[PDB]
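A.B. asks: Here it is, the structure in full.
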4 protein chains.
Amino acid sequence: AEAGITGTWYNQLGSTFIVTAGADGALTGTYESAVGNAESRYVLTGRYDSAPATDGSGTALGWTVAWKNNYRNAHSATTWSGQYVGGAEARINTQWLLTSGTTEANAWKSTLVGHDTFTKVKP
Amino acid sequence: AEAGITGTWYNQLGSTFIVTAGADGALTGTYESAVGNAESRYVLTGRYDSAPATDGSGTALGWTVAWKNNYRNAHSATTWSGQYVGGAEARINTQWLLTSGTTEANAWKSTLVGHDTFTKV
Amino acid sequence: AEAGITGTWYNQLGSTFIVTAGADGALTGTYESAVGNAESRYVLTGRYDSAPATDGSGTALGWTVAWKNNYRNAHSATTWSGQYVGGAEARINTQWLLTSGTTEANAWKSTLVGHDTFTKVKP
Amino acid sequence: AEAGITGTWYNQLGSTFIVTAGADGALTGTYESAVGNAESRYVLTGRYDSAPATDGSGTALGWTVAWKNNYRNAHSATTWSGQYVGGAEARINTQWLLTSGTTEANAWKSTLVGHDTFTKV
Ligand SMILES: O=C(O)CCCC[C@@H]1SC[C@@H]2NC(=O)N[C@@H]21
Ligand SMILES: O=C(O)CCCC[C@@H]1SC[C@@H]2NC(=O)N[C@@H]21
Ligand SMILES: O=C(O)CCCC[C@@H]1SC[C@@H]2NC(=O)N[C@@H]21
Ligand SMILES: O=C(O)CCCC[C@@H]1SC[C@@H]2NC(=O)N[C@@H]21
């Protein structure tokens, strides 16, 4: 449900995700991270399943942030892959990969993995 | 300057990734997977570092495909996160997460992880 | 602390982890999964940092279960990588990789990733 | 039978993995990393499927190294999870998780993920 996803969300670190779900499956918005080499808002773009299953399955989605805006550039990008689970206590449960640009010799330690849970604030 | 990310790329499974890199960091294009519950092309969108470091570092990037088009809907989405390494034989090295829409009970087994290497050959 | 790790632990799915931490850095024990193609106990072996930092850092550890015992064989193995965080509310926070044996053509979808949090029961 | 997992293997970074596979599923040996905060050999222990499927499937396995030995202590541990594929050119294909001991504040950045391919060359 585009309107189910569309809104302001926060995760367990205190980061803010503002997203709009388009009817063609597009996600666009901004992300503000509470941690890491980041300041202010960053552009995000992603995609979601705009026709999910009618049962109690979640809606699969994903989005990317490259950590460069007009104030800072961390030379890194994170992708979040997860699912939206609707209802009263709407949640988006994700796992993420954060890759930093590195020299070829340091490429083995270029990528962090983690997981974030997002809670929606009253839309 | 010199981000030769724009083009048609192929990974080791034979999937085709056609991307345009915008001057301000946007990635847009289409993806056609040679494997999985997929047929024909799917829309992708992503982001990349449009001013990378001047030392020998790769360019960080990432993108998403939701596997729904006019033919099929797999109820899943993949994100690739990696770096572009330019040069005479340019490559995009990625790790990816493929999440399927599941019930809560099956959420523990909702996400596959793998790694794809893209070259222009 | 070997004695800090040693004990019975349960995660959010209802699975049971019984572990003994050896003074040489060895972990041995048994694992019972509440989900998946598993029944009864399975042998686990792992390693941990037996001399962690004296600050508030966690103790890094990891262990493996191959899902074959005398009752069932799922032809898969999981490795958990994480850290033990001591105290009153002792926790082990992990991420895991579950690989299934597959044919070469299905090898792209061989591995699941997830995360489990373990709580210790009164030792 | 035929699990030719036992031996000395090398990955793409030039690290050396010396393993013995026990008849009942145990893996034991040593690991020497060519990269990272590591020197000399470290103890590894793991598990593998000692009765794999009879179709063309690989053998699932996994092992752990805690990066402490008599020389150094990195306060970290790596787990590799993968499958052994036998044949004329046998390979072990893995994905790994490297967790460092961190404070709670830094737990979000405690875990690296990568992938190693081992061959006997
Ligand atoms: O340090 C960087 O390279 C950029 C900031 C990264 C912030 C990460 S993205 C995953 C995790 N979730 C968050 O909300 N913030 C951190
Ligand atoms: O089966 C699905 O759910 C949709 C197709 C998934 C194809 C995956 S995405 C990661 C990997 N890289 C590819 O080029 N194809 C597979
Ligand atoms: O289905 C299988 O192949 C074997 C059982 C797998 C159980 C997994 S391991 C990770 C997760 N944590 C658990 O406690 N159980 C599941
Ligand atoms: O730096 C550390 O914390 C200890 C050494 C880590 C070496 C890693 S483990 C994964 C990868 N594969 C290797 O052979 N070496 C690196």
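For the structure tokens, the naming scheme is as follows: chains receive sequential letters (A, B, ...) according to their order of presentation, residues are indexed from 1 within each chain, and ligands are indexed from 1 in presentation order.
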Identify, counting only C-alpha atoms and all ligand atoms, the protein, DNA and RNA residues located within 10 Å of ligand 2, and give them as a count of residues only.

C.D. replies: 49

A.B. asks: Can you list, as a PyMOL selection string, all residues belonging to chain A that DSSP tags as helix (DSSP H, G or I)?

C.D. replies: chain A and resi 2-5+104-109

A.B. asks: What does the list of residues within 8 Å of ligand 1 look like if you count only C-alpha atoms and all ligand atoms, written as a CSV table (one decimal) with C-alpha atoms, in the first residue's frame?

C.D. replies:
```
chain,number,residue,atom,x,y,z
A,11,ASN,CA,14.8,3.4,13.6
A,12,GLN,CA,16.4,2.1,16.9
A,13,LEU,CA,19.5,4.4,16.5
A,14,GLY,CA,17.4,7.6,16.2
A,15,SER,CA,17.7,8.0,12.5
A,16,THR,CA,14.8,9.5,10.5
A,32,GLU,CA,19.0,11.5,8.3
A,33,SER,CA,21.5,9.2,10.2
A,34,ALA,CA,22.0,9.5,13.9
A,35,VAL,CA,25.5,7.9,13.6
A,36,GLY,CA,28.5,7.6,11.4
A,37,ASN,CA,30.1,10.1,9.1
A,38,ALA,CA,26.9,11.9,8.2
A,67,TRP,CA,26.4,9.4,1.8
A,74,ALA,CA,31.6,9.9,3.4
A,75,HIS,CA,32.5,8.0,0.1
A,76,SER,CA,30.1,5.2,1.1
A,77,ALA,CA,26.6,4.0,0.2
A,78,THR,CA,24.1,1.9,2.2
A,79,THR,CA,21.3,-0.3,0.8
A,80,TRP,CA,18.5,-1.5,3.0
A,96,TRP,CA,21.6,-3.5,5.3
A,97,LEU,CA,24.9,-3.4,3.5
A,98,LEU,CA,27.2,-0.3,3.9
A,99,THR,CA,30.0,-0.3,1.3
A,100,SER,CA,32.9,2.3,1.5
A,114,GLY,CA,23.6,-4.8,10.0
A,115,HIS,CA,19.9,-4.6,10.6
A,116,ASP,CA,17.5,-1.8,11.4
D,108,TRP,CA,26.1,-0.9,14.5
D,109,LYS,CA,29.5,-1.0,12.8
```

A.B. asks: Near residue A:87, counting only C-alpha atoms, which residues have an atom at most 12 Å away, once you skip same-chain residues fewer than 5 positions from it, shown as a PyMOL selection string?

C.D. replies: chain A and resi 1+3-5+56-58+92+119-120

A.B. asks: Using only C-alpha atoms, pick whichever of C:47, C:93, C:105, C:118 has the shortest atom-to-atom distance to chain A.

C.D. replies: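 Closest candidate: C:93.
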
A.B. asks: Find the residue from C:26, C:88, C:121, C:112 that sits nearest to ligand 3; use only C-alpha atoms and all ligand atoms when measuring.

C.D. replies: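 Checking each of C:26, C:88, C:121, C:112 against ligand 3, counting only C-alpha atoms and all ligand atoms, the winner is C:112.
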
A.B. asks: For the strand (DSSP E) assignment from backbone DSSP, which residues of chain C qualify? Please present them as a count of residues only.

C.D. replies: 69

A.B. asks: Pick from A:117, A:95, A:103, A:24: nearest to chain C, with only C-alpha atoms counted?

C.D. replies: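 Residue with the minimum atom-to-atom distance to chain C: A:95.
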